[PDB]
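In what follows, chains carry the letters A, B, and so on, assigned in the order in which the sequence lines appear, proteins first and then strands, with residues in each chain numbered from 1.
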Amino acid sequence: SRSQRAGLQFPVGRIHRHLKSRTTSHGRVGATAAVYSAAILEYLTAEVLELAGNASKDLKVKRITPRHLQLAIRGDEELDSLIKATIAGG
Amino acid sequence: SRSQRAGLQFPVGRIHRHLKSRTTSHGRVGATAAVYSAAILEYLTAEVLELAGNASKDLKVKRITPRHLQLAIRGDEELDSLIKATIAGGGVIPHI
Amino acid sequence: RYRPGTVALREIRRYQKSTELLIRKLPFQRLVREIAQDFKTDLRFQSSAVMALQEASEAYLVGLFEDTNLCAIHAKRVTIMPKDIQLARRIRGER
Amino acid sequence: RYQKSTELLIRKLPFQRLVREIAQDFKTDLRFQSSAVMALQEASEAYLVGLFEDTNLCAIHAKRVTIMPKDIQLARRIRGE
Amino acid sequence: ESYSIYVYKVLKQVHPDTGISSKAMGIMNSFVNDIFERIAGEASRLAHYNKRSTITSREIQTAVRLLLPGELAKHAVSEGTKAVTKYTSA
Amino acid sequence: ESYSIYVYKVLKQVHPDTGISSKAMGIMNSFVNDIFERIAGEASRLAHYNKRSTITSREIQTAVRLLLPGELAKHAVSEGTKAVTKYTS
Amino acid sequence: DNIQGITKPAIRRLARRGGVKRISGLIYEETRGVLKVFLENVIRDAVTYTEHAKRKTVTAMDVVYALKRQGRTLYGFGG
Amino acid sequence: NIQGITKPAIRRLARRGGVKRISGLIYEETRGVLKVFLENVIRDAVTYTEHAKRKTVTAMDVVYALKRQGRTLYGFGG
DNA sequence: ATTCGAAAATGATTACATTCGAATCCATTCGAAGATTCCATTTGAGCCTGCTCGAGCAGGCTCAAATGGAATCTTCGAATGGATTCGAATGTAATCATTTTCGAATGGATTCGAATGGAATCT
DNA sequence: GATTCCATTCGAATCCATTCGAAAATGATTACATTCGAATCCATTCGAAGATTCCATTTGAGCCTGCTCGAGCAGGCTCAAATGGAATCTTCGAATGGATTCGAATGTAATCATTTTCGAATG
């Protein structure tokens, strides 16, 4: 598929459709904007998940819980600046 | 015209065109959304201008300057809450 | 000739009534160009760009000094100290 | 004790009562989802904890360990509230 | 294009003997554009939330209620409703 | 519609032994949607400023530069550029 | 009298989570006032949202949208 | 070039803020905070300039950057 | 781990938007002069800040009693949510008939000046 | 009672705002074509009022003790004043560069009709 051509796990067609559905006036969206966006989203997801999993394994526990996510986000300066939301259960 | 039909000074057709130009996807805009929006813009304009003209008259001058706009905005709780922008030419409200 | 605190209040009255710019223009222009040379080389600036930058900078500094004065009064002083700037900037969300 | 936990520090029945009483001013005969009240409680506790952190900073600035209403007022004024 | 014509009309309505400068005119144009962009964006979001496509005066009224401080939103709502009623009567 | 499939695939890529609950999965869904809306809005504004109609990868790159901080932006730009280059070839 | 259900122990716990060592005796009334103001703002926005949709029930997404409007995003309840 | 923002200028900026007395260590702090603010804004302005394939920084780039920073300004085209 | 309505991918086809070269022509940069005006340095002084110590205040912890919250059905009628027209309203397509925007021109409004008669400060 | 600052008071050239003109957008009208938002009807949830507890949290009272507060010095550090001395600012003039417009020429995104797979609800 398009995701396998780009070498990603996130969907390119669905993200392209969403991008088209969120453009003002009579605008158009290229096929490489979707590839760029899928790459960015996958990268950020992997970063957050990696930090949270390291925090979880520091507790000798397999599963990731919202507390692990909050510990990972608040312990990182970049992820702290980017994510200012309140995590329910963390 | 549409503005005179609604009883306004601001343009209904031009605002309708702009509203159409800033809608996501294939969005339609009704003819009364423009009337409502023109009424809102005219109301806010009139409030700001009335306060600024009062400030201008208190200082014994004819014209309105950015200083008078700043004095009018900062002296009103609602306008101060709504307009948080920086005005280029009117400095502060004299305090202690 | 004048007690310490008289001329200070006179200038407080003076600069809270005017509307001009309180920083010289050539030094600010030089500083802006020197800062911008770290992002791209051989840049050009409109005069309006530097004027807008100066207006925004002066507004920012005056608001910060108002917060700093609040902090100084909280601690039962009239002199402003760097700790007040730090506290105001930390509560604001900058530090 | 309360720093390292994740629970909610307010009882749920009083908070729900207060939420409904406040909402009575905007529209009579209002229903609520349980999730709406739970979200309101989470947000409220987060807000209060952050405000208390700012208040402690203000208390330390004045060379005290006890927090006073003036610290809350200074913190809220600098925040623009 | 600008808003100077209508701003001057409103000024001559409220203060018949008061003028205005060019810097004040620029500031007024900036103010009008700012508020218009805010209202338009919020109305578009409201239309999206309800799975709708058309923007009506209901979206505008809700946007006005959400964006304006109280005792300022009530008079704005009254003025807009009066304008729409007068427009539809003809 | 959700991102649970792809979040799970990425997690299996990063930590092949750890799992994830449902509350954490919902939080991750919220995070992904938040970032997507931010990027889309910035790109649309950028296209409007230049008086253009199409949204391209230049708009996405500029939005990522404006929204992400520090080294996050650099590594994200690298990943996106690599993905586009691998896609077009 | 529903704001007197926010008791002294609860305010003390919320202050302890913020790193506070000692509390004045006049802090509880101030805390109740600030909580009332915050709740009033958020609930006003949420009721606006539920009135637009022609509903009689306040949902979690109305609260989420209202909080996002105030600049206080919240993860874990939808969105 | 940061020393071209003199101490009389900072005194004027403090007087417009209502400040009565000033410590002698306030000027270096002020220079640091001004430098941080200016770098933050100029980064975004140059990003906007580079997107448009231009070599000149215009006032609209500055206005957009300030609006992104949350520091809207009136009187320079928006 | 299964089925499957749902959606993405394939293959042309146009128009449509974007890209490539000129051609100005604004406007940014650069160099020069100089006269005042801001700034820098020192000085002398007074007021404000910080420290100590005692004096008054009030917060935390303990305990016995009282109280209100949480938790799990039960139900039941209220209230969203989905279907099918359907009737209200928006957009597209030409044709005018304004209307607004870009030029120039003199009435008031603003600005700069020495002059002079008043609040304001030390003494 | 002798400075120094404010606070009008009258004089005029200048800068600027407010009227006038011509011409290219651009609303407003008329007439379809057709989406899209409403109105009734029927399902399914879901929220609210009730009941009954053990129990876990909250409430005074008080007592100790730690904390904040007020008063008095000491010093040290910021302010006000005067005198040189750099240097900004205004105006001037050329020279240089690069943003915008405008034709031509590609690059490509959206809309069809088939085909296939894939994500979501259910186990």
Side-chain angles (χ1 to χ4, degrees), chain A residues 1-3 11-14 16-17 20 26-32, chain B residues 1-3 5 11-14 16-17 20 26 28-32 61-63 65, chain C residues 1-8 10 13-14 24-27 42 44-47 75-79 81, chain D residues 11-14 29 31-34 62-66 68, chain E residues 1-2 4-5 8 19-22 25 50-54 56 58, chain F residues 1-2 4-6 52-56, chain G residues 5 7-10 12 21-25 53-57 59, chain H residues 4 6-9 11 20-24 52-56 58:
Chain A
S1 44
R2 292 216 245 156
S3 298
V12 163
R14 169 191 292 199
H16 190 180
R17 165 153 73 51
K20 287 185 81 17
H26 277 301
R28 341 170 83 201
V29 172
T32 35
Chain B
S1 53
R2 299 212 248 151
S3 281
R5 189 177 327 159
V12 165
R14 173 192 290 201
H16 189 358
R17 179 154 64 52
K20 281 177 76 32
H26 309 295
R28 329 152 77 72
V29 175
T32 42
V61 288
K62 184 263 214 152
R63 307 208 194 112
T65 55
Chain C
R1 281 173 174 179
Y2 280 111
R3 298 209 217 310
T6 291
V7 189
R10 289 210 314 246
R13 278 189 278 275
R14 171 191 318 151
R24 303 280 144 257
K25 299 202 191 323
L26 216 53
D42 307 343
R44 291 182 131 213
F45 284 85
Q46 297 189 350
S47 33
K76 296 172 252 78
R77 279 186 280 100
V78 318
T79 312
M81 272 141 215
Chain D
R11 308 286 136 243
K12 301 186 322 166
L13 210 41
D29 271 318
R31 318 239 288 187
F32 276 91
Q33 290 188 349
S34 33
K63 297 180 229 72
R64 285 186 280 100
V65 318
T66 317
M68 320 222 177
Chain E
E1 40 182 59
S2 46
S4 318
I5 318 85
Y8 200 59
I20 199 164
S21 48
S22 323
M25 266 294 162
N50 279 51
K51 303 146 222 90
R52 296 306 184 79
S53 153
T54 321
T56 51
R58 287 196 87 249
Chain F
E1 277 192 352
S2 46
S4 311
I5 331 97
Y6 323 111
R52 305 290 202 81
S53 289
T54 322
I55 285 185
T56 38
Chain G
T7 56
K8 288 199 20 201
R12 269 193 250 118
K21 211 190 136 273
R22 275 191 154 213
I23 313 193
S24 199
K54 289 195 248 48
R55 276 186 280 107
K56 288 147 277 195
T57 303
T59 66
Chain H
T6 52
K7 107 167 198 63
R11 277 198 254 112
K20 189 182 162 292
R21 294 236 311 189
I22 316 197
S23 187
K53 277 140 148 169
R54 271 188 283 103
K55 303 185 261 333
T56 294
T58 72

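- Taking side-chain N and O atoms only, E/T54 has no distance below 4.0 Å to OP1 or OP2 of I/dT90.
- For the pair C/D42 CG and I/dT29 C1', the interatomic distance rounds to 13 Å; values are reported in whole Å.
- Close to J/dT4, at under 4.0 Å from its OP1 or OP2, lies a side-chain N or O of C/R1.
- Applying the 4.0 Å criterion to OP1 and OP2 of I/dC16, one finds that F/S53 has every side-chain N and O outside that range.
- Using atom P as the reference point in both J/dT91 and J/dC16, the two lie 13 Å apart (nearest Å).
- The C1'-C2'-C3'-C4' torsion of I/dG113 is positive, which assigns its sugar to the north, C3'-endo side.
- Taking atom CZ of A/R28 as the reference point, atom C1' of I/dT14 lies 11 Å away to the nearest angstrom.
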Look for any protein N or O under 3.5 Å of an N or O in nucleotides 69-76 of chain J and output each such pair with its distance, or none.
none

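- At least one donor-acceptor pair under 3.5 Å links the side chain of B/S3 to the backbone N or O of B/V12.
- Straight-line distance from the CZ atom of A/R2 to the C1' atom of I/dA9: 8 Å, rounded to whole Å.
- Within the 4.0 angstrom heavy-atom criterion, only backbone atoms of the sugar-phosphate kind lie near B/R5; the bases stay farther away.
- E/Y8 has a side-chain polar atom (N or O) that falls below the 4.0 Å cut-off from OP1 or OP2 of J/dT18.
- A search for side chain to side chain contact (heavy atoms under 4.5 Å, CB included) contacts involving E/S2 returns E/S4, E/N29, not counting sequence neighbours.
- Sugar conformation at I/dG68 is south: the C1'-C2'-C3'-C4' dihedral has a negative sign, consistent with the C2'-endo side.
- Partners of A/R17 under the salt bridge (charged side-chain N to carboxylate O under 4.0 Å, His left out) rule, at least two apart in sequence or in another chain, are F/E1.
- Taking C/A8 as the reference, H/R15 meet the side chain to side chain contact (heavy atoms under 4.5 Å, CB included) condition, with sequence neighbours excluded.
- What you find for G/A53 and E/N50 is that their closest heavy atoms are CA-ND2, 3.7 Å.
- Nucleotide I/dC112 is shown with an anti base, its glycosidic torsion being more than 90° from 0.
- Heavy-atom minimum distance, C/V7 versus C/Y2: CG2-CB, 4.3 Å.
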Would you list the protein and nucleotides 94-101 of chain I atom pairs, both N or O, that sit under 3.5 Å from each other?
| from | atom 1 | to | atom 2 | distance (Å) |
| --- | --- | --- | --- | --- |
| I/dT101 | OP1 | B/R14 | NH2 | 3.2 |

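- Remark: P of J/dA49 and CG of D/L13 are 12 Å apart, rounded to the nearest angstrom.
- Each of I/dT19, J/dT4, I/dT123 was ranked by its minimum atom distance to the side chain of C/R3; first place goes to I/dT123.
- B/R28 is listed as a side-chain neighbour of E/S53, based on a closest heavy-atom distance under 4.5 Å.
- Among the protein residues, A/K20 comes within range of the sugar-phosphate backbone only, with heavy atoms under 4.0 Å from sugar or phosphate atoms but none that close to a base.
- A residue-by-residue look at B/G30 and H/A9 shows that H/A9 has its nearest nucleotide of DNA chain I further toward the 5' end.
- Among the protein residues, E/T56 comes within range of no part of the nucleic acid, since none of its heavy atoms lies under 4.0 Å from any strand.
- As a whole-Å value, the separation of A/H26 NE2 from I/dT92 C1' is 11 Å.
- The local environment of NZ in C/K25 is crowded, with over 12 non-hydrogen atoms from other residues, nucleotides or ligands closer than 6.0 Å.
- E/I20 and E/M25 get closest at one heavy-atom pair: CG2-CE, 3.6 Å.
- Checking A/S3 against C/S47, the closest nucleotide of DNA chain I that is more toward the 5' end is the one next to A/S3.
- Between G/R12 atom CZ and J/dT58 atom P the separation is 9 Å, expressed in whole Å.
- For J/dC112, the torsion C1'-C2'-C3'-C4' is above zero, which places the sugar in the north, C3'-endo range.
- Distance check, rounded to the nearest 0.5 Å: CZ of C/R44 to OG1 of H/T58 gives 13.5 Å.
- Taking the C1' atom of each, J/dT90 and J/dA12 are spaced 24 Å apart, rounded to whole Å.
- Side-chain nitrogen and oxygen atoms of A/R17 include none within less than 4.0 Å of the OP1 or OP2 phosphate oxygen of I/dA7.
- Legend: residues meeting side chain to side chain contact (heavy atoms under 4.5 Å, CB included) with E/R58, ordered by chain and number and at least two apart, are E/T56, G/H52, G/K54.
- Among the heavy atoms of the strands lying under 4.0 Å from D/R11 are primed sugar atoms or P, OP1, OP2 only; no base atom is included.
- Within 4.0 Å of B/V29, counting heavy atoms only, lie sugar-phosphate atoms of the nucleic acid but no base atom.
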So which protein nitrogen or oxygen atoms get under 3.5 Å of nucleotides 103-114 of chain I's nitrogens or oxygens?
| from | atom 1 | to | atom 2 | distance (Å) |
| --- | --- | --- | --- | --- |
| I/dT110 | OP1 | B/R63 | N | 3.3 |

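- Judged by the 6.0 Å and 45° rule, A/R14 forms no cation-pi pair with F/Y6.
- Pairing each heavy atom of D/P14 with each of G/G5, the nearest pair is CB-O, 3.6 Å.
- Distance, C/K25 NZ to I/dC38 P: 12 Å, rounded to whole Å.
- Residues satisfying the salt bridge (charged side-chain N to carboxylate O under 4.0 Å, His left out) test with D/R64, not counting sequence neighbours, are D/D71.
- If you find the closest nucleotide of DNA chain J to A/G27 and to E/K51, the one lying nearer the 5' end belongs to E/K51.
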Polar-atom pairs under 3.5 Å, protein N or O versus N or O of nucleotides 61-64 of chain I: list them with distances, or write none.
none

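- Counting only Watson-Crick or G-U wobble pairs whose defining distances are both under 3.5 Å, the stems of 3 or more consecutive pairs in DNA chain J are I:1-4 with J:119-122, I:6-26 with J:97-117, I:31-68 with J:55-92, I:70-76 with J:47-53, I:78-86 with J:37-45, I:89-106 with J:17-34.
- The salt bridge (charged side-chain N to carboxylate O under 4.0 Å, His left out) test applied to H/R54 returns H/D61, not counting sequence neighbours.
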Q: Start with the C-alpha gap between B/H16 and B/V29, add the side-chain angles, then the distance that decides, and say whether side-chain contact (heavy atoms from CB on, under 4.5 Å) holds.
A: CA-CA 7 Å; B/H16 189 358; B/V29 175; 3.7 Å; yes

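- Comparing H/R54 and G/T57 along DNA chain J, the residue whose closest nucleotide (by nearest heavy atom) sits nearer the 5' end is G/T57.
- Residues B/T65 and E/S21 come closest through the heavy atom pair CA-OG, 3.9 Å.
- The distance from atom CZ of C/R13 to atom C1' of J/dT4 is 14 Å, rounded to the nearest whole Å.
- Minimum atom distance to the side chain of E/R52 is reached by J/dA38, of the listed J/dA38, J/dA48, I/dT121.
- C/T79 meets the side chain to side chain contact (heavy atoms under 4.5 Å, CB included) test with C/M81, H/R21, H/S23; sequence neighbours excluded.
- Annotation: the span from F/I55 atom CD1 to A/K20 atom NZ amounts to 9.0 Å, rounded to 0.5 Å.
- For the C1' atom pair drawn from I/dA1 and I/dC73, the interatomic distance equals 35 Å after rounding to whole Å.
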